[PDB]
Structure formats: C-alpha cells, structure tokens
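First comes one chain, alone, set out as structure tokens in the form deposited in one PDB entry.
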C-alpha cells in the first residue's frame, strides 16, 4: 500500500462524501447509486454500508473505506460493466458511456467522448467490450 494509492482512494472517498463532513451516509450512497442508473431501497443501501462498516455506527469513514479498497473480483467488474452496458448487448457504445458520465456530473462534447473511447478501444470498432473494460478499470 503506497502513499500514491492512499491518496487516490482519499480523492475517491471525497466523491461519495458530498457534504465533505468525512462520512458516507446511506443518503449519499443513494445519490451515487441513482446517478449510476440503480434504484436501491433504504435497506439495500443499509446492507451495502454494513459491507464496509467496522464500528457498526451506520456510516463509512475514510479508514473503513481504505480497509475495503485495500483488501480488494470478476463479479464486481462485470457488475460495473453492466451499469454502462444499458441495452445488455455486451458492448459499451459511445452513447452509453456518454450517458453514464453526464449522470455523474460531466458534460463532455462528442470529441471528449470519442477520445475516451479511443483510449479504451483496442480492436478499433468504436465500442468497449468486456476485455477492453477490465483494461480501463
């Protein structure tokens, strides 16, 4: 575990911790899951927090986030792939990638989107398959 990795996870933790108070509530986990096209129930959101929770106090703080991010898998990558692959055809098109990305809080122009695809696209078909997705994650 390197100072550089610790730093990245910290910057990652921030994006979940909206109010910047230093805790992830189910309220903020719910904001994240929803902009990823999911609709978890308040008890599903509570189940996900117990997965990280060490105290039993209902919130994730940074040391608990780090424990988890560090402890860690094929199941979770496929699960992430599915968030992007909305029509379930096994390829992430530029429309689908743009769609997910704006929901998270960007507006990319078509050239920004195509740049990102070009970066991921090994076989040059202009869409991201699963092999290529592991590579970018």
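Residue numbers count along the first chain shown, from 1. Only the largest set of C-alpha atoms that superpose within 1.5 Å between the two forms is called the rigid core.
The same protein also has a form deposited in another entry, omitted here; what follows describes it.
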Establish whether a shift of 2 Å or more occurs at the C-alpha of residue 87 between the shown form and the other one, with the two forms superposed on the rigid core. yes
Residue 100: CA shift of at least 2 Å between the shown form and the other one after core fit? yes
Residue shift check between the shown form and the other one, rigid core fit, residue 41 Cα at least 2 Å: no
Could you tell me whether residue 43 and residue 88 have their C-alpha atoms closer or farther apart in the other form than in the shown form, knowing the shift is 3 angstroms or more? farther
Kindly indicate if, in the other form, the C-alpha atoms of residue 116 and residue 14 are closer or farther apart than in the structure shown, bearing in mind the change is 3 Å or more. closer
